[PDB]
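1. Partial complex follows, first chain(s) only, in situ:
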Amino acid sequence: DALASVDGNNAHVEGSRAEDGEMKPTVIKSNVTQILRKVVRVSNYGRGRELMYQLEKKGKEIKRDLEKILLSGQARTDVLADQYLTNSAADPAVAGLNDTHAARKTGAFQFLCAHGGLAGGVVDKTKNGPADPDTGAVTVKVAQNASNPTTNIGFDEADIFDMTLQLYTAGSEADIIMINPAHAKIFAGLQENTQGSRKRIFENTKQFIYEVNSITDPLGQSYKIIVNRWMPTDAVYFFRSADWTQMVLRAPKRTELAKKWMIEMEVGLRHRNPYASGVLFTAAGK
Amino acid sequence: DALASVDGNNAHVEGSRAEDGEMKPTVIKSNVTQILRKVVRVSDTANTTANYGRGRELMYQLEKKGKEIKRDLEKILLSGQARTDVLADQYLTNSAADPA
Amino acid sequence: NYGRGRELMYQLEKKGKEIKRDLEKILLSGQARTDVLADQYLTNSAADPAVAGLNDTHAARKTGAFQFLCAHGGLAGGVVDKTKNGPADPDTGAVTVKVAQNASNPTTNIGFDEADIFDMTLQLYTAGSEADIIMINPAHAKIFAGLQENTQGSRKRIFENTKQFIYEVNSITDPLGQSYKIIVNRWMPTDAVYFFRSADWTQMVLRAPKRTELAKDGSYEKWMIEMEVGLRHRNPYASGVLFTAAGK
Amino acid sequence: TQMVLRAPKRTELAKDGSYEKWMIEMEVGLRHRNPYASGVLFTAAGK
């Protein structure tokens, strides 16, 4: 959860007389894993053996679907919320009929990054996150493009630097930023302006490089930019290698049902700490 | 967990396997592991004084209390006790039982 | 346990980290000084007046920070007033603490104006401190960066087919030839900047961080950490600070 | 079988104005396997 606060003054008068300490131990967080099937059903110029072709095609499709889901705004929903164990009950009305099957839904990226709500099963894209007690930091904020009168849907010039400030205050150390190609034009034009304080130059150069792949906030935190087409257009992410890990239970297996071909991949999402990674929604306030 | 219910007839059909049973986390809860206690508050004049049969009263009472706690433990395991602690285990999906 | 190792060494390291953070915040903050000893016969006659004879409470014990005036203008009771311009040093005439206004900028953009830094540097030069370091909190470095952005066109950056973009500034050179470096600290009042000096201005510890403990009452695992550090400045009129524009 | 937590040990706690205190703090617990495995027979004159 966090370290203890500062509390400011800690003067004393030569005596402890404590109250069993204010430890307030950590909170226990969990996540669920889902299933992906992508069934194959077979019922001839060059393809020949279409089985392996369709199998590899479906494998690539399931990989794309995983890349699309893990970066979505889903929220884990299941009969169990915080008493996952319930070894006593654990859905007693399950054996004998075996038809009480519920749908395992895992936690997504925007859900674990210190969210501040969720529209039923999706993270709300118009509400900033709370503050961590260790140090005041809001790692999830609603973007406010103060350059246009709420007409253009784009990052402000100083809206990512605010995220860098918040992360530095919380101590995330992230250095990567994924972005949908529908927003790279913003960072591209950021190297220029209209006021006349930023402009390119070409000293007899046969090149027109129009691209940005590195940022350094005034705090001295570098940030490498990478583009990914499988992200939602109305969002941007602040990733980090170690802070995110991909938990897997059942590896992709080519097999068949009980006595066709199919795939089944059990996977879940894990995040070291919510206030480490950062998310930023792009819209106009209303 | 459960082992079996009945044996009865074993005749079967190629499709008489619809469904039977349900699922809920195990009902085995926990054991609380009660604790014992024996203390003395002998003074210094007492430990320094002498007497017949024994030496330092402190060690005498300490050994008596050790034997007494051993007897108490031996008796407790045989009496009728039931655990009702407020630290209900309740693992398994709502595990760690720390809402109180 | 399953993720925890022990409940004593873990908590002990926890409390050590916490005490270090507390010290870091207390030194660079408005921890007004509150003492009860109004000693009058000092200067080689060390004694405690008749008062404070048998009583053993001794509540008030603080130090540092303005109340520890540190060449400030004035404080309002038990809180430091971040609106009082410092006095004039009779040596040459120089105020090391002042409050610029937010009129040159909008009435909601709390911050500096890019001219207060050079004013503070000139005040230090007239005072003869030779400070060359800055300890500033976030939300103000963006000023150090965009000083060359909020202009009419005079100043400008350049990008010669370079894919990198940068708004980082960790050094400036005063027109007087005084080079200053910027260092970011997070335990500040998020409303002021400190033109402190180098290690020459050092602290001193009476009781180093050390552990103690009582034995037992019926049962417990008590421990203690009772460091007794204290702060010290040098010629308060040497270094200076600059609060931000809030209004009154 | 038993469930001794750490051990039965004797030790002294903080003293007082010429007192001397000692404690034992023995913590154990039982463990039966297959509750339907041990026999019990009460004695009653009637019901």
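-> Structure received. Numbers count the residues shown, from 1 in each chain, chains lettered A, B, ... in the order given.
2. Skipping its backbone neighbours, what lies nearest residue A:4 in space?
-> Take residue A:4 and drop its neighbours on the chain: the residue closest to it by C-beta to C-beta, 6 or more residues apart in numbering or on different chains is residue C:18, 5.0 Å away. In this view, the C-beta of every residue, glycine as well, is placed from N, C-alpha and C.
3. Get me the contact residues on chain C for chain D.
-> Applying C-beta under 8 Å from any C-beta of the partner chain, we find that chain C lies next to chain D at C:214-219.
4. For PyMOL, what selects the buried ones among the residues you listed?
-> The buried residues among these can be selected in PyMOL (16 or more other C-beta atoms under 10 Å in any protein chain shown) with this line:
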select buried, chain C and resi 216
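5. ok, of the residues of chain C next to chain D, which one's closest to residue B:83?
-> Each of those was checked against residue B:83 using C-beta to C-beta; the closest is residue C:219, at 21.6 Å.
6. List the contacts of the closest one.
-> In this structure, residue C:219 makes contact with D:13, D:23, D:25, judged by C-beta atoms under 8 Å, 6 or more residues apart in numbering or on different chains.
7. Give me the secondary structure label for residue 59.
-> Since no chain was named, I'll use chain A. The three-state label given to residue A:59 by DSSP: H, G, I helix; E, B strand; the rest coil is helix.
8. Chain E follows; place it on the structure:
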Amino acid sequence: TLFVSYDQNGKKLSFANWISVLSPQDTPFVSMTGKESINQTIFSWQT
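-> Take a look at chain E, now in place beside the chains above:
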């Protein structure tokens, strides 16, 4: 500050399968004679 490091308890252990068995394993014929298997579904003998 305030390092206690006494509450890790990161056990994260799994189940151990301590169930009980009630399997009688006399096996008189399999132990004394060996193995014998008929082929058809019906078998007869003469008396």
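9. Any idea how many residues pack against residue C:127?
-> A count of neighbours around residue C:127, defined by other C-beta atoms under 10 Å in any protein chain shown, yields 22.
10. Likewise for residue C:12?
-> Close neighbours of residue C:12, defined as other C-beta under 10 Å, add up to 20.
11. Can you tell me the closest non-neighbouring residue to it?
-> With sequence-adjacent residues excluded and distances taken as C-beta to C-beta, 6+ apart, residue C:12 is closest to residue E:3, at 3.9 Å.
12. Report all helices and strands that the strand or helix carrying the one you found contacts.
-> Residue E:3 is located in strand E:2-6, with elements delineated by DSSP states H and E. Other helices and strands packing on strand E:2-6, by 3 or more C-beta pairs under 8 Å, 6 or more residues apart in numbering or on different chains; DSSP states H and E, are strand C:7-8, helix C:9-27.
13. hmm, what's the outermost residue in chain C?
-> Here chain C reaches farthest from its C-alpha mean at residue C:218, the gap being 44.3 Å by C-alpha atoms, centre = their mean.
14. Name the nearest residue to that one, sequence neighbours excluded.
-> Ranked by C-beta to C-beta, 6+ apart and with sequence neighbours excluded, the top spatial neighbour of residue C:218 is residue D:13, at 6.9 Å.
15. Kindly incorporate the sequence below as chain F:
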Amino acid sequence: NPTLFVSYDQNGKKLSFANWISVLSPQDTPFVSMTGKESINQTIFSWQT
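-> So that you can see how it sits with the rest, here is chain F on the chains above:
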């Protein structure tokens, strides 16, 4: 139970905890930790401005 393997009623599970604790907290102390010490005995020192 070799007939059908069911999952919701799985008793005696293993939580599969993680043997690590993210204790991220802002604590750098860039300069103030590298100033020095002038250990003293009393608590009423001065510097003779």
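16. With chain F now part of the structure, what is the answer for the neighbour count of residue C:127?
-> The local packing count at residue C:127 equals 22, with neighbours defined by other C-beta under 10 Å.
17. try the one 3 residues further on
-> Residues contacting residue C:130 under the criterion other C-beta under 10 Å number 12.
18. ok, now residue C:46?
-> Neighbours around residue C:46, by other C-beta under 10 Å: 10.
19. Return the set of residues that bridge with residue A:271.
-> For residue A:271, the beta-bridge partners under DSSP bridges are residue A:244.
20. distance of the residue nearest the centre of chain A from residue A:69?
-> Per C-alpha atoms, centre = their mean, the C-alpha nearest to the average position across chain A is that of residue A:109, at 2.5 Å. Look at residue A:109 and residue A:69: by C-beta to C-beta, to the nearest Å, they are 9 Å apart.
21. Please, where are all the strands along chain B?
-> B:40-43, B:92-94 (DSSP state E).
22. now for the ones you listed, which one comes closest to chain C?
-> If you check each of those against chain C by C-beta to the nearest C-beta, strand B:40-43 wins as the nearest, at 11.2 Å.
23. Would that closest one count as contacting chain D?
-> Yes. Among the residues of strand B:40-43, B:40-43 lie within reach of chain D under C-beta under 8 Å from any C-beta.
24. How about the contacts made by the residue of chain A found nearest chain B?
-> When scored by C-beta to the nearest C-beta, chain A has residue A:83 as its residue closest to chain B, at 0.6 Å. Residue A:83 makes contacts with B:90, B:92-95, B:97, as judged by C-beta under 8 Å, 6+ apart.
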